[PDB]
Amino acid sequence: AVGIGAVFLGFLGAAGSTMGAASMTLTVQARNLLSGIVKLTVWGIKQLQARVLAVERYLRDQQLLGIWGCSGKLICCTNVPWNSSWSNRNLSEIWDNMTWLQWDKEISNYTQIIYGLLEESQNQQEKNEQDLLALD
Amino acid sequence: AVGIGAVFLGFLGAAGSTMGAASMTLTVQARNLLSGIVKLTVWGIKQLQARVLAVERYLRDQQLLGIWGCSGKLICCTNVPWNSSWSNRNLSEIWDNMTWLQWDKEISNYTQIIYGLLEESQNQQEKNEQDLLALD
Amino acid sequence: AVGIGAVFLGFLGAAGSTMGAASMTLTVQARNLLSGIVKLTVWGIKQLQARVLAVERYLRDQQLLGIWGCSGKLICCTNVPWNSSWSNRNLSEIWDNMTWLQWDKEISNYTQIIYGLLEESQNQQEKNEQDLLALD
Amino acid sequence: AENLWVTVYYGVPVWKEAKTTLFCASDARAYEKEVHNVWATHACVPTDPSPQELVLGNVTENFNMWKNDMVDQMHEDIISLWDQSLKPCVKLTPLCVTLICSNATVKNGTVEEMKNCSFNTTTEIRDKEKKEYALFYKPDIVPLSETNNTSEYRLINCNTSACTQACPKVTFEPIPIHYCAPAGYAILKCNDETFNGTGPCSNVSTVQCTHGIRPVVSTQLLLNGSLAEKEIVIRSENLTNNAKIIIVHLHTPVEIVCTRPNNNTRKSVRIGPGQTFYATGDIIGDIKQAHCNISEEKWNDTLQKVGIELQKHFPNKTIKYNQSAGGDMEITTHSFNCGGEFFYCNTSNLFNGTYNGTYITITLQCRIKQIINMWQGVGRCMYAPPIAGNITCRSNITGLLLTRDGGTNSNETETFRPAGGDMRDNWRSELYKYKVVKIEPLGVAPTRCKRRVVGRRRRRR
Amino acid sequence: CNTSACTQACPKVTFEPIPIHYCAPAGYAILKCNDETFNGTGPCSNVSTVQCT
Amino acid sequence: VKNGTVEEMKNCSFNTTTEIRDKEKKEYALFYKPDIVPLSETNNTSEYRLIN
Amino acid sequence: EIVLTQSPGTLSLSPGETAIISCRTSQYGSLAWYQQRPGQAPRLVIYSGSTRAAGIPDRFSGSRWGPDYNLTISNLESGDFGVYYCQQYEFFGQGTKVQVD
C-alpha cells in the first residue's frame with residue numbers, strides 16, 4: 001500500500017513483500033496491538049489474564065521506544081554505527097530481496113548487543129542537556 | 001473556567017461556555033481520565049472489569065494522538081485543508097457562539113474521513129524522513 | 001556508573017551516592033517500574049490486583065510528565081524560577097553533599113506547590129503556540 | 001545564593017514506607033509438585049533464580065520487626081490456602097455414631113493408650129448398615145454422659161463443629177517459599193546480625209526476593225529455622241515488660257530425633273457413596289509409645305549460653321528455667337508436625353535446672369492426636385489419616401520461645417517458662433530482616449539550567 | 001453408588017453442538033493453511049490470516 | 001402463655017436429631033405465625049408441617 | 001529492685017482547690033493513675049505519663065520528671081474525691097486518699 005489506506009488485514013500482506021513496500025504503511029500494527037477484538041465460569045477470567053498481558057506488552061514496547069529518543073516516532077534514525085559482523089554492510093543493495101520474516105534470523109543474536117550501544121547513543125544527550133555555558 | 005490551574009469540578013462548567021474559554025484550562029480532563037476515584041462478592045470483580053476498560057480507553061486515545069504527530073501535545077495543528085462540506089468555513093467567526101457539546105453533532109458524521117486524511121498528512125512525513133541526499 | 005551500563009541492582013547504589021552520580025545512569029527505574037518479576041486460591045487474584053496497580057501508577061507518572069511539557073524526556077527543564085523559601089538557593093554547590101533520599105525531606109512540603117507553576121509554564125506555551133500574528 | 005530554575009529529572013531512586021500484597025515464589029523444582037501441596041500455593045512458580053543482591057552505598061534506614069506487616073499478610077495467606085485446599089475434600093460427618101469401645105488387644109500384649117471401638121456405619125445402599133471397627137489412637141474420645149454404661153464413647157468433633165479429613169491425594173510439606181515484591185516496590189534487607197529487633201541498620205542490601213522461608217509450625221520450640229551467625233540473639237518488644245515474649249535464636253543446631261515405633265496398618269472404611277474413610281486398623285508389632293531423643297551434651301551447654309546471654313540484660317540475676325505454665329494442650333506440650341501425624345510431647349527435661357551462666361540422652365514421652373483444631377484454635381477441625389509403618393523425623397532445633405515470670409520474688413532470682421503462641425510468632429523469628437517500600441520517582445529539584453526558549457535544542461545549559 | 005456419587009443434568013440447560021469460533025486476543029494472529037493436500041505436518045505455501053477460526 | 005392464651009401462634013413439638021445421628025429427642029418451639037400447613041391425608045387435625 | 005512509693009498518705013481539703021500527689025519509680029517504664037471512690041469500680045484517669053483518658057475534664061494531669069513523677073489536680077469539686085492508685089508495667093503503689101473538708 002501507499003500512504004496508509006489498508007487494514008490490519010489489508011497491510012499484513014507485506015510480511016512476504018520486499019522491504020520497500022513494508023517500509024511504507026507501517027502503522028496498522030501499532031493500531032492493532034492495543035486491544036484488538038477484546039454466573040462465572042470459563043468465559044470470565046480470560047478477558048483479564050490475557051487482556052492485561054497485551055496491555056503490559058504494549059507498555060513495555062512503548063517504554064523501550066521512549067528511552068532511546070524514538071518516542072512517538074514510527075521511524076527513527078540514531079547515532080550508532082553498524083558493525084561489520086552483525087549483518088550485510090550493504091543492505092541498501094539487498095533489502096529489496098528480503099522480507100522481514102527472513103531478515104529477523106540474520107540479526108536475532110545481535111539485537112541485545114545493539115541495544116547496549118543504542119542506550120549510550122541516547123544517554124550521551126544527557127551530558128549535553130545541562131550544566132555549562134551555552135549562553136542562550 | 002479560565003486561567004491554567006483548573007479543577008475537574010472547577011473546569012467542567014466550560015461544557016456550555018463559548019469555545020474560547022474551553023480553549024484554555026483544557027488540562028484537567030486528561031488529568032482525570034486515568035484512574036479517578038478507583039470473602040469475594042459483588043464488590044470484588046468490578047474494580048478489575050471497570051478499571052482496565054478505562055485504562056484501555058486512555059491508551060486508545062493516546063495512541064490515536066501518537067500516530068498523527070500530536071503525541072504529548074494538548075493542542076496540535078495538522079497539515080490538512082478543511083473542506084467546505086464538513087462545517088462552516090468561517091468558524092473562527094462562529095465558534096465564539098457555540099459550545100463543544102452542541103458542536104459535536106455538526107461534525108459527528110465526518111470525523112472518520114478526517115482521521116483518514118490526517119493519517120496521510122502524517123505519513124507524508126515518512127517519505128521526507130528517509131533515504132536521500134539531505135546533507136545534514 | 002557512567003554512560004548507562006548497570007542494572008536495577010547495579011544502579012540502585014546511587015541511592016546513597018552524591019547526587020552527581022545519580023544524575024547519570026538514571027534510566028533503569030523506568031525499565032523496572034512496569035512488569036518486573038510479575039483451581040483458584042490465594043495465588044490467583046494477586047497477579048491482577050497488584051499488576052494493574054503498578055500499571056496505573058506508571059500511567060499516572062507518564063501523564064504527569066506529559067502535561068508539564070516533559071514527555072519522553074528523562075531530563076527536562078521548565079520556566080519557573082526557584083523561590084528562596086523552598087530550599088537552599090545555591091544547591092549547585094550543595095547537592096554534591098546530599099543524596100536523593102535525604103534531599104526529599106527538604107522539599108517534601110513544597111512539592112505540591114511547584115506543580116501549580118509548571119502548569120502555567122506549560123499553558124503559556126499553549127497560549128503562545130496559537131493565534132494570528134506569526135504568519136509563518 | 002544563585003539564580004535557579006525548576007527542573008524535572010525523574011526516574012530517581014527514592015523510597016518510603018508502605019504496605020502491599022506480595023508475590024510468592026517457591027524454590028527449585030518444588031513448583032512441579034506445588035500444584036498438589038498445601039502450605040504451598042497452586043502455584044508459586046519461580047520465574048527467576050532468586051535472590052539477586054546488591055549492597056547499598058552508605059545507606060542507613062530504620063527497621064521494625066513487630067510492626068512488620070509481612071507476617072500479618074502471610075498469616076491470612078496460609079490460613080486461606082489451608083482452608084481452600086481442605087475445602088473440596090471428603091467430609092467425615094456421618095461417623096458420629098454411638099461407639100462401643102474396649103481395651104485394644106494387640107499381638108503378644110495390650111497397648112498402652114488406644115481403645116478398640118466398633119460402631120454402626122452406612123453401607124453403599126442407604127437402607128442397610130454393618131458393624132465396622134477402627135482403632136482411634138487417642139484416649140481423647142469423650143465418654144457420653146447420661147448413662148451408667150462406662151463404654152458408650154463419642155467422637156469429639158460432633159460436640160462443637162463438623163470436620164473434614166485431609167485428602168491423601170494432597171500432601172502438606174514445609175516447602176521453602178521465597179517472597180518477591182511486585183513491580184514498583186523493593187524489599188530492603190538488613191545484614192547486621194547484632195540487630196536486636198528495632199533500630200537503625202547500616203548495611204542495608206536490596207534483594208529481588210527474600211531468602212528461604214519455610215512455614216513449619218511448632219510451639220515451645222522452633223524447627224528447621226535459620227541461625228544467627230555469630231552469637232545467640234535475644235529479641236523482645238520490651239524486656240522489662242512482664243507481658244509480651246522473648247524470642248531466642250541458637251548459634252548451633254541441636255539434632256532432634258522423633259519416631260513412632262508402633263507398626264500401624266492403614267485401613268479403609270466405606271462410609272458413603274464414594275466417600276472413603278482412613279483409620280488405623282491393627283497393630284502388627286511391639287509397643288513402646290512414641291518418643292524423642294536429644295543429646296544432653298549439647299543442650300546443657302546451649303542452655304548455659306542462653307543463660308549468660310539473658311544475664312547480660314538482667315545484671316546479677318540468676319536464671320531459673322521451669323516447667324511449662326499451663327493452659328491448653330497445644331502449649332503445655334511441645335507441638336510439632338511431621339510426616340502426616342501430629343506429635344505432642346510433655347517436655348520432660350527441656351525446662352529443668354538453674355544455670356547462672358558463670359558456672360558456680362534425654363527422652364521425651366509423647367502422645368499423638370488425630371483430630372486437631374488449628375493452632376489458631378477457633379475454627380476448622382480435621383481428621384489426619386494414619387501413616388503406614390513406623391515414622392522417623394530428623395530436624396534441627398534452632399530457636400526457643402520464652403515468656404517471663406514475676407514478680408515479688410527476691411530480686412536476685414528470676415524465672416522463665418517455655419510457652420508458645422500464635423502461628424505468626426513462629427514465622428516472625430525468620431522474617432525479621434525485611435521491609436516493604438514503594439519506589440517514588442519524585443518531583444522537581446533545582447538545577448543550573450534555565451528556560452527552554454521556544455523548545456530550543458541546545459547543548460550544555 | 002458403587003464407585004462415586006453423581007448428579008443429573010438440569011433440564012433448564014441443554015446439550016447443544018452450537019458452533020464456536022476461536023478468536024485470538026490482542027497482539028496475536030491465528031494463521032490458517034488453505035492447501036487441502038496437507039497431510040498433517042510440513043510446509044504450507046498458501047498461508048492466510050483470520051480474526052477467528 | 002402466662003395468665004392467658006396468645007392469639008397469633010401455635011405451640012409445636014417435634015422429634016429432632018441430637019449430636020449423635022443414631023438418636024433423637026423431643027423439643028418444642030413457638031412459631032409466631034399461624035401459617036403452618038396442616039398435612040392432608042389424615043383426620044388428625046394437628047399434624048402440621050413447615051411450609052418450606 | 002522494682003519498688004513503688006506514693007505520698008502523702010491522706011488529704012483533707014476544701015472543694016474547689018488543688019491537690020498534689022507524688023508517685024516515685026526505680027525503673028524505666030510507663031506510668032498510669034487510677035481513681036477509686038469507695039465500693040464502685042475504679043476508673044482510669046491518665047496514662048503514659050501525661051496523656052489523658054477519655055471522658056474526663058482537664059483538672060487532672062501531671063509531668064514525667066524522669067526518676068520521679070508528680071501528679072497535681074485543679075478545682076476538685078466535692079463529687080470527684082476518692083482514692084488514687086499509681087501503676088507501672090504489675091506494681092500498684094501504696095495508694096492515697098482525698099477527703100472533703
# chains A, B, ... in the order shown; residues from 1 in each chain; ligands from 1
call {"tool": "interface_residues", "arguments": {"of": "chain B", "to": "chain C", "cutoff": "9 Å", "atoms": "only C-alpha atoms", "output": "list in words"}}
result
residues 3, 4, 5, 24, 25, 27, 30, 31, 34, 35, 47, 48, 51, 52, 55, 71, 72, 73, 74 and 75 of chain B
call {"tool": "interface_residues", "arguments": {"of": "chain E", "to": "chain D", "cutoff": "9 Å", "atoms": "only C-alpha atoms", "output": "list in words"}}
result
residues 1, 2, 3, 4 and 5 of chain E
call {"tool": "interface_residues", "arguments": {"of": "chain D", "to": "chain C", "cutoff": "6 Å", "atoms": "only C-alpha atoms", "output": "PDB file with N, CA and C atoms, in the first residue's frame"}}
result
ATOM      1  N   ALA D   1      23.905  32.005  47.360  1.00  0.00           N
ATOM      2  CA  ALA D   1      22.684  32.176  46.582  1.00  0.00           C
ATOM      3  C   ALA D   1      23.010  32.304  45.099  1.00  0.00           C
ATOM      4  N   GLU D   2      22.151  31.732  44.258  1.00  0.00           N
ATOM      5  CA  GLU D   2      22.357  31.755  42.818  1.00  0.00           C
ATOM      6  C   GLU D   2      21.001  31.691  42.131  1.00  0.00           C
ATOM      7  N   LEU D   4      18.303  30.218  39.904  1.00  0.00           N
ATOM      8  CA  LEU D   4      17.963  28.840  39.583  1.00  0.00           C
ATOM      9  C   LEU D   4      16.579  28.770  38.957  1.00  0.00           C
ATOM     10  N   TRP D   5      16.356  27.697  38.201  1.00  0.00           N
ATOM     11  CA  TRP D   5      15.077  27.405  37.575  1.00  0.00           C
ATOM     12  C   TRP D   5      14.699  25.966  37.878  1.00  0.00           C
ATOM     13  N   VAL D   6      13.399  25.732  38.054  1.00  0.00           N
ATOM     14  CA  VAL D   6      12.902  24.404  38.391  1.00  0.00           C
ATOM     15  C   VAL D   6      13.295  23.437  37.289  1.00  0.00           C
ATOM     16  N   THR D   7      13.546  22.185  37.658  1.00  0.00           N
ATOM     17  CA  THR D   7      13.981  21.159  36.721  1.00  0.00           C
ATOM     18  C   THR D   7      13.400  19.814  37.115  1.00  0.00           C
ATOM     19  N   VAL D   8      12.950  19.066  36.128  1.00  0.00           N
ATOM     20  CA  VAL D   8      12.417  17.725  36.319  1.00  0.00           C
ATOM     21  C   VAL D   8      13.494  16.742  35.899  1.00  0.00           C
ATOM     22  N   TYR D   9      13.536  15.587  36.575  1.00  0.00           N
ATOM     23  CA  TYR D   9      14.567  14.586  36.315  1.00  0.00           C
ATOM     24  C   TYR D   9      14.077  13.148  36.204  1.00  0.00           C
ATOM     25  N   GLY D  11      12.511   9.265  37.459  1.00  0.00           N
ATOM     26  CA  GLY D  11      13.260   8.051  37.228  1.00  0.00           C
ATOM     27  C   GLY D  11      14.268   7.836  38.354  1.00  0.00           C
ATOM     28  N   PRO D  13      15.900   6.943  42.180  1.00  0.00           N
ATOM     29  CA  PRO D  13      15.609   6.058  43.317  1.00  0.00           C
ATOM     30  C   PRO D  13      15.299   6.797  44.610  1.00  0.00           C
ATOM     31  N   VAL D  14      14.043   6.774  45.047  1.00  0.00           N
ATOM     32  CA  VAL D  14      13.656   7.235  46.376  1.00  0.00           C
ATOM     33  C   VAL D  14      12.486   6.380  46.837  1.00  0.00           C
ATOM     34  N   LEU D  54      22.453  -6.597  45.943  1.00  0.00           N
ATOM     35  CA  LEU D  54      23.448  -5.527  45.902  1.00  0.00           C
ATOM     36  C   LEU D  54      23.526  -4.861  47.267  1.00  0.00           C
ATOM     37  N   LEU D  56      23.986  -1.531  49.360  1.00  0.00           N
ATOM     38  CA  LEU D  56      23.740  -0.113  49.132  1.00  0.00           C
ATOM     39  C   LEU D  56      24.857   0.705  49.763  1.00  0.00           C
ATOM     40  N   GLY D  57      25.305   1.734  49.049  1.00  0.00           N
ATOM     41  CA  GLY D  57      26.430   2.534  49.490  1.00  0.00           C
ATOM     42  C   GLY D  57      26.068   3.607  50.495  1.00  0.00           C
ATOM     43  N   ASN D  58      26.532   3.447  51.734  1.00  0.00           N
ATOM     44  CA  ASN D  58      26.390   4.452  52.786  1.00  0.00           C
ATOM     45  C   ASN D  58      24.932   4.748  53.120  1.00  0.00           C
ATOM     46  N   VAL D  59      24.053   3.763  52.957  1.00  0.00           N
ATOM     47  CA  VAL D  59      22.633   3.932  53.248  1.00  0.00           C
ATOM     48  C   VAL D  59      22.331   3.352  54.620  1.00  0.00           C
ATOM     49  N   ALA D 183       5.996  -5.330  40.801  1.00  0.00           N
ATOM     50  CA  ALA D 183       6.617  -4.186  40.153  1.00  0.00           C
ATOM     51  C   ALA D 183       6.307  -2.906  40.917  1.00  0.00           C
ATOM     52  N   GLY D 184       7.321  -2.057  41.051  1.00  0.00           N
ATOM     53  CA  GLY D 184       7.169  -0.770  41.690  1.00  0.00           C
ATOM     54  C   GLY D 184       7.576  -0.713  43.145  1.00  0.00           C
ATOM     55  N   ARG D 451      15.373  28.416  31.304  1.00  0.00           N
ATOM     56  CA  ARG D 451      14.215  28.199  30.449  1.00  0.00           C
ATOM     57  C   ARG D 451      14.608  27.589  29.108  1.00  0.00           C
TER      58      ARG D 451
END
call {"tool": "atom_distance", "arguments": {"atom1": "atom CA of residue D:205", "atom2": "atom CA of residue D:75"}}
result
25.7 Å
call {"tool": "select_by_dssp", "arguments": {"residues": "stretch 10-136 of chain C", "states": "helix (DSSP H, G or I)", "output": "VMD selection string"}}
result
chain C and resid 10 to 15 19 to 22 28 to 32 42 to 49 51 to 68 84 to 86 91 to 93 100 to 106 111 to 128
call {"tool": "atom_distance", "arguments": {"atom1": "atom CA of residue G:98", "atom2": "atom CA of residue G:65"}}
result
23.3 Å
call {"tool": "residues_around", "arguments": {"residues": "stretch 41-51 of chain E", "least_positions_apart": "4", "cutoff": "8 Å", "atoms": "only C-alpha atoms", "output": "ChimeraX atom specification"}}
result
/A:9 /E:23-24,29-35
call {"tool": "residues_around", "arguments": {"residues": "stretch 399-415 of chain D", "least_positions_apart": "4", "cutoff": "9 Å", "atoms": "only C-alpha atoms", "output": "ChimeraX atom specification"}}
result
/D:219-223,225-227,239,241-250,253,314,316-322,419-421,425-426,429 /G:1-2,90-91
call {"tool": "residues_around", "arguments": {"residues": "residue G:20", "least_positions_apart": "6", "cutoff": "10 Å", "atoms": "only C-alpha atoms", "output": "list in words"}}
result
residues 7, 8, 11, 62, 70, 71, 72, 73 and 74 of chain G
call {"tool": "write_last_selection", "arguments": {"atoms": "N, CA, C and O atoms", "output": "CSV table (one decimal), in the first residue's frame"}}
result
chain,number,residue,atom,x,y,z
G,7,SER,N,3.0,9.2,98.2
G,7,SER,CA,2.9,10.1,99.3
G,7,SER,C,2.2,11.4,98.9
G,7,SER,O,2.3,11.7,97.7
G,8,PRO,N,1.5,12.1,99.8
G,8,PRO,CA,1.2,11.8,101.2
G,8,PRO,C,0.1,10.8,101.4
G,8,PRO,O,-0.6,10.5,100.4
G,11,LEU,N,-5.4,13.1,102.6
G,11,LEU,CA,-5.7,14.5,102.4
G,11,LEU,C,-7.1,14.9,102.9
G,11,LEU,O,-8.0,14.1,102.8
G,62,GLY,N,-0.3,15.6,85.1
G,62,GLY,CA,1.0,15.6,85.8
G,62,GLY,C,2.1,15.6,84.8
G,62,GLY,O,1.9,15.7,83.5
G,70,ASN,N,5.2,13.5,89.5
G,70,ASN,CA,4.3,14.4,90.3
G,70,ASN,C,3.0,14.5,89.6
G,70,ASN,O,2.9,14.8,88.4
G,71,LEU,N,1.9,14.2,90.3
G,71,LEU,CA,0.5,14.4,89.9
G,71,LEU,C,0.0,15.6,90.6
G,71,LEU,O,0.1,15.7,91.9
G,72,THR,N,-0.7,16.5,89.9
G,72,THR,CA,-1.5,17.6,90.5
G,72,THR,C,-2.9,17.6,90.0
G,72,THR,O,-3.1,17.1,88.8
G,73,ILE,N,-3.8,18.1,90.7
G,73,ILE,CA,-5.2,18.3,90.3
G,73,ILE,C,-5.6,19.7,90.6
G,73,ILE,O,-5.0,20.4,91.5
G,74,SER,N,-6.6,20.2,89.9
G,74,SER,CA,-7.1,21.6,90.0
G,74,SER,C,-8.6,21.7,90.0
G,74,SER,O,-9.3,21.0,89.2
call {"tool": "select_by_dssp", "arguments": {"residues": "stretch 4-226 of chain D", "states": "strand (DSSP E)", "output": "ChimeraX atom specification"}}
result
/D:5-8,15-17,23-26,37-38,53-55,61-64,99-106,109-122,129-136,142-143,152-154,164-165,171-172,177-180,185-189,198-201,205-207,218-219,221-223
call {"tool": "residues_around", "arguments": {"residues": "residue F:17", "least_positions_apart": "6", "cutoff": "10 Å", "atoms": "only C-alpha atoms", "output": "list in words"}}
result
residues 23, 24, 25, 26 and 27 of chain F
call {"tool": "write_last_selection", "arguments": {"atoms": "N, CA and C atoms", "output": "mmCIF file, in the first residue's frame"}}
result
data_model
loop_
_atom_site.group_PDB
_atom_site.id
_atom_site.type_symbol
_atom_site.label_atom_id
_atom_site.label_comp_id
_atom_site.auth_asym_id
_atom_site.auth_seq_id
_atom_site.Cartn_x
_atom_site.Cartn_y
_atom_site.Cartn_z
ATOM 1 N N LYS F 23 -29.628 -41.188 67.406
ATOM 2 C CA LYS F 23 -30.649 -40.972 68.422
ATOM 3 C C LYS F 23 -31.340 -39.633 68.204
ATOM 4 N N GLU F 24 -32.464 -39.448 68.894
ATOM 5 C CA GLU F 24 -33.318 -38.285 68.719
ATOM 6 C C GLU F 24 -34.030 -37.972 70.030
ATOM 7 N N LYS F 25 -34.519 -36.736 70.139
ATOM 8 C CA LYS F 25 -35.160 -36.252 71.355
ATOM 9 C C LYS F 25 -36.305 -35.317 70.992
ATOM 10 N N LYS F 26 -37.141 -35.028 71.989
ATOM 11 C CA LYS F 26 -38.280 -34.139 71.808
ATOM 12 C C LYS F 26 -37.907 -32.706 72.172
ATOM 13 N N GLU F 27 -38.333 -31.765 71.334
ATOM 14 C CA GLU F 27 -38.109 -30.345 71.560
ATOM 15 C C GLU F 27 -39.383 -29.601 71.197
#
call {"tool": "interface_residues", "arguments": {"of": "chain D", "to": "chain F", "cutoff": "10 Å", "atoms": "only C-alpha atoms", "output": "mmCIF file with C-alpha atoms, in the first residue's frame"}}
result
data_model
loop_
_atom_site.group_PDB
_atom_site.id
_atom_site.type_symbol
_atom_site.label_atom_id
_atom_site.label_comp_id
_atom_site.auth_asym_id
_atom_site.auth_seq_id
_atom_site.Cartn_x
_atom_site.Cartn_y
_atom_site.Cartn_z
ATOM 1 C CA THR D 93 -19.655 -36.121 59.442
ATOM 2 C CA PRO D 94 -21.732 -39.367 59.405
ATOM 3 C CA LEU D 95 -19.207 -41.272 61.566
ATOM 4 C CA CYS D 96 -20.592 -39.654 64.737
ATOM 5 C CA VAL D 97 -22.259 -42.855 65.914
ATOM 6 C CA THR D 98 -22.507 -44.413 69.364
ATOM 7 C CA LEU D 99 -19.113 -46.072 69.727
ATOM 8 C CA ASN D 120 -22.556 -48.985 63.005
ATOM 9 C CA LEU D 144 -21.058 -39.812 76.633
ATOM 10 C CA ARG D 154 -18.401 -40.353 71.169
ATOM 11 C CA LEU D 155 -16.085 -38.718 68.654
ATOM 12 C CA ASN D 157 -15.757 -33.402 66.547
ATOM 13 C CA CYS D 158 -19.544 -33.517 66.734
ATOM 14 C CA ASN D 159 -19.627 -31.897 70.182
ATOM 15 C CA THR D 160 -18.906 -28.436 68.718
#
call {"tool": "residues_around", "arguments": {"residues": "residue G:49", "least_positions_apart": "3", "cutoff": "9 Å", "atoms": "only C-alpha atoms", "output": "list in words"}}
result
residues 30, 31, 32, 33, 46, 52, 61, 62, 63, 64 and 69 of chain G
call {"tool": "atom_distance", "arguments": {"atom1": "atom CA of residue D:366", "atom2": "atom CA of residue D:346"}}
result
6.3 Å
